[PDB]
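Undergrad: Quick one: structure below, then a few questions.
Residue numbers (the entry's author numbering): 12 to 87.
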């Protein structure tokens with residue numbers, strides 16, 4: 012009925028290109044790489060606040076469910 016399709020499909024396109032697992036999880040350094048490709052500078056305060064509050068699935072490996080909730084609200 013009412014959903015955001017243009018920005019969600021562009022976040023998934025950069026995520027699947029920079030893949031650690033395949034279509035599910037990307038690495039801790041690849042979170043900063045995808046943010047530069049879309050339109051957001053990964054600063055020391057932004058990177059610290061995102062991996063510490065929004066957890067890493069394994070050791071340093073962020074997944075798309077918690078990633079898409081924090082990335083759509085901050086860089087909209």
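Ideal Cβ placement from N, Cα and C applies to all residues, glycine included.
From residue 17 to residue 70, what does the alpha carbon distance come to, in whole angstroms?
TA: To locate residue 17, count along the chain shown from 1; it is residue 6. To locate residue 70, count along the chain shown from 1; it is residue 59. Approximately 31 Å between the Cα atoms of the pair.
Undergrad: Classify residue 61: buried if its beta carbon has 16 or more other beta carbons within 10 angstroms, exposed otherwise.
TA: Numbered from its first residue, the chain shown carries residue 61 at position 50. It is buried - the Cβ of residue 61 has at least 16 other Cβ atoms within 10 Å.
Undergrad: Where do the N-terminal and C-terminal ends of the beta strand (DSSP E) with residue 36 fall, by residue?
TA: To locate residue 36, count along the chain shown from 1; it is residue 25. Run containing residue 36: 36-38, per the beta strand (DSSP E) assignment.
Undergrad: Output needed for residue 83: all residues of its chain with C-beta closer than 8 Å, excluding positions within five of it in sequence on either side, in chain order.
TA: Position 72 of the chain shown, counting from 1, holds the residue named residue 83. These residues qualify, in order along the chain: 15, 18, 19, 22.
Undergrad: Under 7 Å Cβ to Cβ from residue 31, same chain only, skipping five residues before and after it: list those, please.
TA: Taking the first residue of the chain shown as position 1, residue 31 is located at position 20. Counting only Cβ-Cβ distances below 7 Å, and skipping sequence neighbours, we find 37, 38, 41, 72.
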